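The structure under discussion appears below in the form of structure tokens.
Number of protein chains: 4
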Amino acid sequence: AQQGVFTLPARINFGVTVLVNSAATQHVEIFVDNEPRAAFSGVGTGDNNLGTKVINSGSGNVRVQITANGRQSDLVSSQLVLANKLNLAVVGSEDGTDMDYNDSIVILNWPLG
Amino acid sequence: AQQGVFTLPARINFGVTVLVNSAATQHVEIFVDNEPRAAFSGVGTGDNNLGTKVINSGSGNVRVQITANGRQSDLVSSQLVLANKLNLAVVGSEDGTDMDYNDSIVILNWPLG
Amino acid sequence: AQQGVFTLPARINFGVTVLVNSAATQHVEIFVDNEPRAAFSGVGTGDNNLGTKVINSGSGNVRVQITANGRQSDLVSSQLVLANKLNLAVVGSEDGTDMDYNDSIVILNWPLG
Amino acid sequence: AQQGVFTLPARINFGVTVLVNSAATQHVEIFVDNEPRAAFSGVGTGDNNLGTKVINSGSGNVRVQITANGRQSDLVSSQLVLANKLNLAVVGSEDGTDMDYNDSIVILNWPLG
Ligand SMILES: CO[C@H]1O[C@H](CO)[C@@H](O)[C@H](O)[C@@H]1O
Ligand SMILES: CO[C@H]1O[C@H](CO)[C@@H](O)[C@H](O)[C@@H]1O
Ligand SMILES: CO[C@H]1O[C@H](CO)[C@@H](O)[C@H](O)[C@@H]1O
Ligand SMILES: CO[C@H]1O[C@H](CO)[C@@H](O)[C@H](O)[C@@H]1O
Ligand SMILES: [Ca+2]
Ligand SMILES: [Ca+2]
Ligand SMILES: [Ca+2]
Ligand SMILES: [Ca+2]
Ligand SMILES: [Ca+2]
Ligand SMILES: [Ca+2]
Ligand SMILES: [Ca+2]
Ligand SMILES: [Ca+2]
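Residue numbers (the UniProt record's numbering), protein chains in the order written: chain A, 2 to 114; chain B, 2 to 114; chain C, 2 to 114; chain D, 2 to 114.
And the structure:
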């Protein structure tokens, strides 16, 4: 199945947070309606936090893309709703051979405020 | 039910990341085996990222507590495993009356590296 | 937080499946827009399957209620989305003192077909 | 990533429940330590419940395979833990072209009793 693709509520602001656990530099792009809207990059094996950016969901079509060594990483993803209110969309990724799926971890959350 | 309580693998390094969406200052405490082992404080309504800390799980008994206004916030939590490998333990919290459950969001993840 | 309450897409058919793991007889009622729409009951400690019923979500306001020994059980719940398509809303419940939260397990899924 | 593969506690009894939403007959196989240990077959587009079977996890290595039309279906999966106690491992699957991922839905849960 496709992974890293989520349908958000339309026209909502959401946060994107990235953690890295890799020796290879990670490059994360968030697409909204097939257009690039947020970029992150970094490297480190200590759950290193690349920060959070807030962007708008447009029609709702959000895709997470993660590249390392020039290749798009293998993605795994899920969406969780807590208390019928807090939404988290999570992406793990694998850039190599050890199948740890933590090389970049991308977390989307909404609503904010 | 109790919320914000997780059993991790023993003696594992794990990351704790905190996001806030609040006007009241948030205080997050992470306990390992009932001992206070990580703290975060901050405020802001736009998904303010308070960073990530890496700590060890001890016997495995990890608990998240969140306060604001000198009072414990109401917690909701779940654990997710992706690719049979990437673990996320998520806590949402409510400090007030609007039931948005985003006032502090605490993410635990393992394994690292 | 309230547990066992989910917002479904409006006017959608969804399935409700119940498993029991209890010595006490379990009584499950599913409410849609505050009206009773599906009932299940049974007893057994072997993950005993009470079957599946398909009902309609109305405005979308769905609540799971679980009673044993005349008392509403303590609920825990979450919603999961897989492949940006398959939705599962899960409720565990505790009727007693052992905190196993399996006494009735209620699974909602959509879309069908 | 591999999907439908889960590590359970060793030597634990767990339940497997299958729902189908398909016009093609579904065949679900559960492997424990690479040995074929539970089977289900059925068909129907209205969330047809094929029942629950209880089996033992052996060393803990559990795999779900789903076929229809003599071919392995595309799998998507996650594991959820509620109340730090109730485990659900969920598999959705697609046998065709409509990408609804509900053709067989396989739910594993533990602990029982
Ligand atoms: C050297 O190992 C690390 O870096 C590689 C990328 O080179 C990752 O895939 C792996 O999981 C480790 O984090
Ligand atoms: C003023 O409203 C904000 O701040 C309060 C107190 O932190 C939160 O409960 C609420 O959800 C908003 O984020
Ligand atoms: C006797 O123990 C069982 O039944 C009680 C209800 O009596 C449940 O709470 C418990 O988890 C067991 O399933
Ligand atoms: C005819 O359409 C149905 O049957 C096929 C084959 O099982 C499924 O892929 C599809 O989602 C529908 O449930
Ligand atoms: Ca890796
Ligand atoms: Ca890694
Ligand atoms: Ca709030
Ligand atoms: Ca808030
Ligand atoms: Ca119980
Ligand atoms: Ca029980
Ligand atoms: Ca299909
Ligand atoms: Ca189908």
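For every residue, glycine included, the Cβ atom is placed at its ideal position computed from N, Cα and C.
| query | result |
| --- | --- |
| Neighbour-count burial assignment, D/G5, 16 or more Cβ in a 10 Å radius | buried |
| Test item: CB-CB of D/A2 and A/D99 under 8 Å | no |
| Range covered by the beta strand (DSSP E) that runs through D/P112 | Segment: none, D/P112 is in no beta strand (DSSP E) and carries neither H nor E. |
| Exposure of A/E95, with buried meaning 16 or more beta-carbon neighbours within 10 Å | buried |
| B/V44 to D/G47 span [Cα, whole Å] | 48 Å |
| Cutoff 8 Å: D/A2 Cβ touching any chain A Cβ | yes |
| Interface partners of D/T53 on chain C, CB under 7 Å | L20, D48, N50 |
| 8 Å contact criterion, which D/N110 and D/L89 should meet: CB distance rounded | 5 Å |
| Beta-bridge partners of D/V65, as assigned by DSSP | D/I31 |
| Residues within the region 56-90 of chain D neighbouring chain B, beta-carbon criterion of under 7 Å | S79, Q80, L81, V82, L83, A84, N85 |
| Inter-stretch contact (C-beta, 8 Å, three-pair minimum) for the region 18-35 of chain C and the region 48-55 of chain B | no |
| is_contact[C/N110, chain D] using C-beta, thresh 8 Å | yes |
| Any non-hydrogen atom of ligand 11 within 7 Å of D/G97 CB | yes |
| Local Cβ density within 10 Å of A/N85, reported as buried at 16 or more and exposed below that | buried |
| Contact set for D/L20: own chain, Cβ-Cβ below 6 Å, skip 5 residues either direction | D48, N50, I106 |
| Distance cut-off 7 Å: B/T46 Cβ against heavy atoms of ligand 2 | yes |
| Buried versus exposed call for D/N70 [16 or more other C-beta atoms within 10 Å across all chains shown] | exposed |
| Cross-chain neighbours of A/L113 in chain B, by beta carbon under 8 Å | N22, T46, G47, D48, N103 |
| Closer than 8 Å to chain D by CB, A/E95 | yes |
| Cα-Cα separation between A/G61 and A/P10, rounded to whole angstroms | 6 Å |
| Bridge partner(s) assigned by DSSP for A/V21 | A/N49, A/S105 |
| Under the three-state DSSP convention, the category D/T98 falls into | coil |
| C/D101, buried or exposed, once every other Cβ within 10 Å from all chains shown has been counted against 16 | buried |
| Beta-ladder partner(s) of residue 1 of chain A, from DSSP | One cannot answer for residue 1 of chain A here, as it falls past the ends of chain A, which runs 2 to 114. |
| 8 Å Cβ cut-off: residues of chain D touching B/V6 | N85 |
| Short CB-CB distance (under 8 Å) between D/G43 and chain C | no |
| Distance CB(A/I67)-CB(A/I31) smaller than 8 Å | no |
| Where B/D34 falls, given that 16 or more other Cβ within 10 Å makes a residue buried | exposed |
| With 16 other Cβ atoms within 10 Å as the buried cut-off, status of D/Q80 | buried |
| Residues of its chain near C/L113, where Cβ-Cβ distance is below 8 Å and the 5 sequence neighbours each way are ignored | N14, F15, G16, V55 |
| Min CB distance B/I106 to chain A below 8 Å | yes |
| Straight-line gap, B/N103 to B/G97 (C-alpha atoms, nearest Å) | 11 Å |
| Sheet register partners of A/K54 (DSSP bridge) | A/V17 |
| CA nearest to the CA of B/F41, picked from B/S58, B/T18, B/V63 | B/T18 |
| Spatial neighbours of D/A39 in its chain, beta-carbon cut-off 6 Å, leaving aside the 5 residues before and after | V17, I31, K54, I56 |
| Same chain, Cβ closer than 7 Å to B/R64, five either side skipped, listed in chain order | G5, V6, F32 |
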